[PDB]
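K.L.:
Dropping the structure in here first, questions after.
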Amino acid sequence: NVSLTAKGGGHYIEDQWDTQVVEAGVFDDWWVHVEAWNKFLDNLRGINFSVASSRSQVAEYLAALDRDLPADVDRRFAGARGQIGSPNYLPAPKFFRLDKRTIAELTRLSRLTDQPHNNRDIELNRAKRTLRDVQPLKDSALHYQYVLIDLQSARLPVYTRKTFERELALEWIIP
Amino acid sequence: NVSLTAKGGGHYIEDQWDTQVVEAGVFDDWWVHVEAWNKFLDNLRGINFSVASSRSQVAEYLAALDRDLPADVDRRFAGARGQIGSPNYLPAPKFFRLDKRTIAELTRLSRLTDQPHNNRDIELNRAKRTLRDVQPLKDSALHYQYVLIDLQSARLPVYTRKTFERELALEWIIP
Amino acid sequence: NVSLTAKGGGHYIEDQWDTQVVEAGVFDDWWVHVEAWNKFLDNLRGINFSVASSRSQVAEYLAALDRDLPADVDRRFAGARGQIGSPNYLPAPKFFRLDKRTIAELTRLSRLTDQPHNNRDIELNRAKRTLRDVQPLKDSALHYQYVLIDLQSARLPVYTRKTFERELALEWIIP
Amino acid sequence: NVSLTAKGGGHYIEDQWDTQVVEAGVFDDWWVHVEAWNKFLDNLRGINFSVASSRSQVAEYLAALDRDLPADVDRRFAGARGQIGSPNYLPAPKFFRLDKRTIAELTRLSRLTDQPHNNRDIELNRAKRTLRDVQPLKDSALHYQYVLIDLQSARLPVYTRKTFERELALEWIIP
Amino acid sequence: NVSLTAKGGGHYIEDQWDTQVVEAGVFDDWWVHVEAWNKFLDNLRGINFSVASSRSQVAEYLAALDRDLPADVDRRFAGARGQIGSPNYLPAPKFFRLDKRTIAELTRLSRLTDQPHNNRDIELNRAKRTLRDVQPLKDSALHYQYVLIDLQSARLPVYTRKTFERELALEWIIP
Amino acid sequence: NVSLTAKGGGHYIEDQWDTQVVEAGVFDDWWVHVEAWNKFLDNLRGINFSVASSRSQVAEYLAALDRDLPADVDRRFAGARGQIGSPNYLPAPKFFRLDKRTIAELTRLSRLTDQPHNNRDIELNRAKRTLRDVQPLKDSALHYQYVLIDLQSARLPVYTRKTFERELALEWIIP
Amino acid sequence: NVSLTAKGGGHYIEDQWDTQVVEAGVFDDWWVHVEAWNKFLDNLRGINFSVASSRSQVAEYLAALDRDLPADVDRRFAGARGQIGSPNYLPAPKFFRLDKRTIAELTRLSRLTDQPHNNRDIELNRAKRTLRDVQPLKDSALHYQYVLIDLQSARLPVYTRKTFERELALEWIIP
Amino acid sequence: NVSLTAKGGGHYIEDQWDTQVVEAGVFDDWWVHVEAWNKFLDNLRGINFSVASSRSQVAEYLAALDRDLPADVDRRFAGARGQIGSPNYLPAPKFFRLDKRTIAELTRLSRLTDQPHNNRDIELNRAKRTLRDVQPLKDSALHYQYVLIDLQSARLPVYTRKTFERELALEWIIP
Amino acid sequence: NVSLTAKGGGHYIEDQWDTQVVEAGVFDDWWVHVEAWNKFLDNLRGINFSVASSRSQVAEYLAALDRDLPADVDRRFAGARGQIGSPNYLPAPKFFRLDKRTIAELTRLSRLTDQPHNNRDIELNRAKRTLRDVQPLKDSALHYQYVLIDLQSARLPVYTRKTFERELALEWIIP
Amino acid sequence: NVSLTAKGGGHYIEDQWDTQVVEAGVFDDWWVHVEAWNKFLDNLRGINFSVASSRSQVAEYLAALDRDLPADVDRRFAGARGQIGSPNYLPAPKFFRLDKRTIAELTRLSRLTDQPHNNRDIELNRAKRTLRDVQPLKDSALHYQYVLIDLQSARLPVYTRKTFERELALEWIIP
Amino acid sequence: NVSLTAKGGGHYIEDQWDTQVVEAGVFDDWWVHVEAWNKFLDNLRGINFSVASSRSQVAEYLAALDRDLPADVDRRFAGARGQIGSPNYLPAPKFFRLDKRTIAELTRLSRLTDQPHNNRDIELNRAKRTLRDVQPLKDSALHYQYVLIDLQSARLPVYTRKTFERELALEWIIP
């Protein structure tokens, strides 16, 4: 994934594939599915700071919210299945383009949540024989509040075939 | 959800769908059902600061008060079922448009309620062998009073088909 | 590896192989497979600082994310198998050229994660008969946040036969 | 080793062998096989500082990554076996010339890793009846980070027969 | 946004678009919606000086009170929907032209509210172990009173199609 | 980027490319996309002085608000896609020419925000065992208010093909 | 590098090579690739003064932004690959000539960033048992602001074959 | 070294060898290889002042950047191997003549970096039981900035056989 | 601006444009819009002497009360839109011609308001550890009263097309 | 710049170029663009005396308000693009000839603004442990008022092709 | 440099070279390139008096604004490349003859900027434990204003081949 639409027909002319595709803004850069991005966001919403394994989640969800381009010549940009006006339509496949800027920020959260910590004092005097402290946690907790805000705030460009097609002058051969 | 009105007929001309719909102010931005927003608000009313799990609620309710556009071409904007003047009417489906501004604020509550804390001292000296303290809790408690006030105060635009139809020049083909 | 495409046909004229290949920017310098680089990156994402063996991973993954040129005369630069427009295509073999600059940085992480440490006090008083401390860990933890950011941020040149062929004037004899 | 190509034919004219070979830059100076150097480098990558026997490795690997000239008259400089364009080719034998400068640096690592230490306090109070300390280890740990960086960074001259032959005006008699 | 009226018909002749539109007083300069400006103003009214996050608001509201021209050829200047004298009218779309002068002033507030401050003494002696001071805050507080007054005082030109059309000799082709 | 419009057709006659393009005012000098410049500006609006990482943003955003000429022969100056009067138009690609003067000023902000500072006293007496001070921060804070004002104030020339074409006598061959 | 265009054809007549090439303004003097210079500049933009290893970068980047003449007879001045008007063009190889003046200035930054410092007091009283000070750092910090400004400000001559060929009367023999 | 070109043929007439070679400006005076000088320079670039062993480098690199005349009768001045216009060319062997003036300056750096120092106080009170000081280091640090600048600034004469041959009327007998 | 009336028709015969327009009393000399001049005047009315930023206003308002000729051939002198006697008329565009004399006086105010001052004593003894004095301020305060009086007093010539047309024998070609 | 109009056609007869152009009043003497001069003037208007960096501006703006002759044979004197009476006209390119007298005066401002000063007493007693004084600043402040007045007052000759052509008997060959 | 035009053809008859060239007004006397002199002048414009290293610039720029005769027999006086009327022309190479008078004056600035000074009191009481003074600086600051004025004021003779050829009866043999 984002996988989806399959090999067949063929093909992006590929005279333009490299001139305009692998050259930049592709592979180098993420694509995040919408209605897939929206629930991730609340996944981060969405976390207590901190008990471990409530921070182990940030680190993980960045992986497995699968984040790659919807097409490879041969294969088509993710598209609509079926005609309009009918019970089987299920048309809208959607994609958020993530700026280089965003990703760098996204990893920022990725290691917002990691702090080198003593917790391994619960075990020596508590299970055998004082208090834990949080200022490192908390100035990361609030840093978090801010880094997260901008991700929701800033709009990211939506893409589709009507659009990824117009957007870069690339077209899909019939035969 | 907001789900509801189903695939059939068809369809928003879709000549204008992207020009005027996915382009902005849609997907990017929330829709909250009224008479669904109203009880959420009291859900937040509505919380003691703090015993945990009375703050775990804020975080959750932001999810599952389901918050998305009432239509996708193919499908129609949420509408009235039945004719006027009759026992089966049940006409009014209503929607609050949430500003980009609001959501950012809404997450503000989302991590108003999270504070990195020591509570895990109840366990070592209390269950085995001093006092808890609240200033971090309380300046979040009052911050809360203020962030919440504006959500009730500020009116948010109500939408309906008579209105979402006029609002953006988009129309629903008969056949 | 990167291994792959096999001995046969022959061959890069080899009149130019040394003039333009072993001379520099080859052997001396890494090649990292794409869609192979992308998951490594999240491998590093991706680590807690620290419990050992969560830092033993950085050190290892630098090895075994195999990182060498896709060709040796005799053998061809990694290429596409099959014709366009058909079920068996599987065309895109991709490669990130790693700057001399990057590698030096990459090892920087390699011994970001190594710190000479006391941990071997858990054993004497804890298992027989005080607290661990983290400032060395943490100023490496944050150093980490920064060294890692640039690896994602900075774009690295993508290469392919249409491209590694044009890029250096080297060509593959038919017979 | 580097051993390899065997006695036969004969021979470097040996009128020039001493004028241009044993005189300097030969025997005096190392040769390191490529694709043999590359894995050593990660061998050093590649080490924790410190638990002993994770430092005993540096000392050893400098030996046994065998590091000597590919030829002695009688015998030829390491070369290609077989013709081009065929399944049995296996052509590329490669060599890094190591500067006098490098070796001196290489031993620098060799006794970066050796420190006179107390560790033999684990045994008296721990096994019979306080804490270990690391500043000597750690300012060697970081010294290490730097000494190692330059080894990867700096390119070292690649050599081959097309090249070791041109490089010094020495040639191999037919009969 | 200001978004609104949609692509269709076409179009500003565009023979005059650049002569009289992108040339100056457009893009370069803001447009603020009325009845959208009016509530912003009270947003600033409207702030206590100071507790942080009561100054974080000024900075934000300048963004997201969306402030751009109501038209782009192709699209029409924001207009009236429906005929006069009827239940669906909702006619008046209104716009404040903001002088170059105003914006520069508007940012003046933007960093009226930012002061480099010590507040991070509450944490060391108050949460661990004297008084805060306000003269920098207060001579910004009063500076504020004055900078804000002129924004309300000075009238800014209202615009509409009957007017933006007459105002610059630009007209909208029928077909 | 600014990337965009792709290789094809061809080409700027290139008899004039160097006489009038690489010679000066090109490569040497920035181009900033409009509606891309406008949000950057508020990005700077827009910052508190100071907590670090609220100043780390200035430094970054200067990079990645991508700032280069819209064309290279072969490729065309960024242009309009589609005919006038139709749902797919999306015509206006816009560009701010940045004076040599501006850039020098722009870097001025770039290291307005950097000050050599003691902050690393929070750690010794606060986390182990007095007040921070701001005059260096604040006379940079206000310096900032002024350097930023002129960037918004001063109009910068807008460019387009109707215009970059007339502006320098350069034209695009049909075949 | 700048490496690139390869041995073949031949050759600069070399009757003029020394009269007009090695004699001066060549080898003696740097060449910096454009679109390679542009990102370096922001590399320096671009640095905090100071935490070490944020100053270790200046020193390094001067090396490895590779800075040498695009040609050696035999080999051609870096040139365009392919014909005009076609998908494979990738024509523009560009070069900034660096004045003797610039380089001397460039090293000025090189040891702007180096200051003999006490930092090695963090370790004795902070890790075992007062404040750090910055005036040396800061009058280097501001010195920096100025030395850097001129590098962006001053235009440096762009070169190409159409130009390096005309510039010195040197020409490339066909056979 | 500079070693290189080998005994054979013979010979500089040697009627003129002493009249014009050993007499002066030879043996007495250094020769530094170019493209060998260029990387040394950045070697010095290139150093932090100070932690020891970052100053031990200056002292060393003056040795082992090997610095002697390219010829001894019998042997030829370093020359080109192969004909022009062909894949094996590798023609340019280059040499910087170092003035008596330069060398004296070069040693100036050689003991710029040496200062008699107390550092051996880290060991008595720090490892057993105050602050280090830098004014001697720093007025050597800046002295350094200046001594180094002139080495890059001042051009040094390039030499080659076409040139070392013309330069002193010395010629190489055929038989 | 004064911008306004647009390119079209054409044109001032331009046989007389230079004889009678650019020659003098045009470009050289200001034009100030009436009903635009009138509010500026009260802008200056209108200022307290002194607290800074109440004097920063004089300096600014001289800029941005935009002050240039209403026409350039091609374009017409600012004129009336629509016929007499009707709801849309909005006829009167008006202009004050500013004498060379006035402008020189106007700048007089421009640096009436600037005085080199000590104010930066509030900061050393007031914020850390006597009185400010005003005679320089006040003899500028009263100087001000007088310089300002004459600007209101002296009438300046009003201009319009009925008048700028008669005033210089210049006329606007029909076709 | 003033750059602009490009090489083509050709050419000033150049029989008269030197007799009447390079001989005097050209190169020797400045040309300042109008509508480029006008905003510079207010740039100087326009400055407070003094806080540094409000005087650093005078010095800079003299550079970069680019000030050179509009033509070099081959190239034409800056001219009008397009025919009269049409939407694309943009005719008027204008130039102020600066007397030798003016420039000398202009530099007068250039080092009106520079005064050798003590300011570097803020740092010793204010940041560690009396009043600043202004008479040198102020008699430069008022000197300024006067030197600036004459620049606005005195009219400077406007030039154009209809005029630079008549002005010196120089003409532009057709072929 | 001024270097440029290369050896070839030949030659100034050299019967007249010494009679009329090396005899006087040549070698003895400077030549400064125009459009190279013009930016130097602003380089000096252009300096604050004083902080050191803002005076170190004067001293340097006198060197490296390279200042020597455009020709040596054999080589031609700097000339035009290409024919008139064509895209490649780039004709005008220009030169200011500097009087003996000027140079002596030019060095006057050279040690206008050098004053023996105490600054090395910042270090003893300021960094360990009164005010700096400027009268020596300032009467050099103003002396500067005057010495600099005449350099701009006084016109210096422009030279070219049409002119350096006529100027001294020297001519360039064809064969």
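Each chain of the structure tokens is named A, B, ... in the order shown, its residues numbered from 1; ligands are numbered from 1 in display order.
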Give the strand (DSSP E) residues of chain I, as DSSP finds them on the backbone, and put them as a PDB file with N, CA and C atoms, in the first residue's frame.
P.N.:
ATOM      1  N   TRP I  31       1.757  65.059  -6.660  1.00  0.00           N
ATOM      2  CA  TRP I  31       0.337  65.360  -6.663  1.00  0.00           C
ATOM      3  C   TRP I  31      -0.264  64.674  -5.464  1.00  0.00           C
ATOM      4  N   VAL I  32      -1.064  65.411  -4.703  1.00  0.00           N
ATOM      5  CA  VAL I  32      -1.738  64.840  -3.548  1.00  0.00           C
ATOM      6  C   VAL I  32      -3.247  64.878  -3.749  1.00  0.00           C
ATOM      7  N   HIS I  33      -3.879  63.724  -3.583  1.00  0.00           N
ATOM      8  CA  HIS I  33      -5.321  63.646  -3.683  1.00  0.00           C
ATOM      9  C   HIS I  33      -5.968  64.439  -2.556  1.00  0.00           C
ATOM     10  N   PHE I  95      -7.361  66.890  -7.092  1.00  0.00           N
ATOM     11  CA  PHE I  95      -5.928  66.785  -6.811  1.00  0.00           C
ATOM     12  C   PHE I  95      -5.264  68.101  -6.424  1.00  0.00           C
ATOM     13  N   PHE I  96      -4.522  68.068  -5.322  1.00  0.00           N
ATOM     14  CA  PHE I  96      -3.686  69.188  -4.914  1.00  0.00           C
ATOM     15  C   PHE I  96      -2.315  69.091  -5.549  1.00  0.00           C
ATOM     16  N   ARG I  97      -1.963  70.099  -6.332  1.00  0.00           N
ATOM     17  CA  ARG I  97      -0.602  70.229  -6.820  1.00  0.00           C
ATOM     18  C   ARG I  97       0.292  70.725  -5.693  1.00  0.00           C
ATOM     19  N   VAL I 158      -6.094  73.327  -6.995  1.00  0.00           N
ATOM     20  CA  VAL I 158      -6.872  72.137  -7.316  1.00  0.00           C
ATOM     21  C   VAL I 158      -6.866  71.877  -8.819  1.00  0.00           C
ATOM     22  N   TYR I 159      -6.798  70.602  -9.183  1.00  0.00           N
ATOM     23  CA  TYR I 159      -6.730  70.189 -10.574  1.00  0.00           C
ATOM     24  C   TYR I 159      -7.788  69.160 -10.902  1.00  0.00           C
TER      25      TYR I 159
END
K.L.:
Would you mind listing what lies within 8 Å of stretch 112-119 of chain C as number ranges by chain, with only C-alpha atoms counted and same-chain residues fewer than 6 positions away left out?
P.N.:
C: 55-56, 58-59, 132, 136-137, 140, 143-144; D: 48-50, 131-134, 137-138, 141
K.L.:
Please identify every residue of chain H that has at least one atom no more than 12 Å from any atom of chain K, counting only C-alpha atoms, and report them as number ranges by chain.
P.N.:
H: 135, 138-139, 146, 149-150, 153-155
K.L.:
State, in Å with one decimal place, the distance from atom CA of residue B:24 to atom CA of residue B:91.
P.N.:
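Atom-to-atom, atom CA of residue B:24 to atom CA of residue B:91, that is 28.7 Å.
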K.L.:
Mind listing the helix (DSSP H, G or I) residues of chain H, per DSSP on the backbone, as a PyMOL selection string?
P.N.:
chain H and resi 17-22+37-43+56-61+100-110+122-126+135-153+161-167
K.L.:
Between atom CA of residue K:76 and atom CA of residue K:11, what distance in Å does the model show, to one decimal?
P.N.:
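Here the two named atoms are 7.7 Å from each other.
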K.L.:
In terms of the shortest atom-to-atom distance over only C-alpha atoms, which of F:71, F:104, F:156, F:109 is closest to residue F:170?
P.N.:
F:71
K.L.:
Report, in Å with one decimal, the straight-line distance from atom CA of residue F:83 to atom CA of residue B:166.
P.N.:
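Answer for the atom CA of residue F:83 to atom CA of residue B:166 separation: 26.4 Å.
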K.L.:
Would you pick out the contacts of residue F:2 at 7 Å or less, using only C-alpha atoms, so that residues sharing its chain but fewer than 5 positions from it are not included, and give the list as a tab-separated table (two decimals) with C-alpha atoms, in the first residue's frame?
P.N.:
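This is the output file around28.tsv:
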chain	number	residue	atom	x	y	z
F	66	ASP	CA	10.78	26.94	-2.08
F	67	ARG	CA	12.27	29.86	-3.81
F	68	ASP	CA	13.55	29.48	-7.38
F	69	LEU	CA	12.75	30.47	-10.97
F	70	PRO	CA	9.67	28.90	-12.57
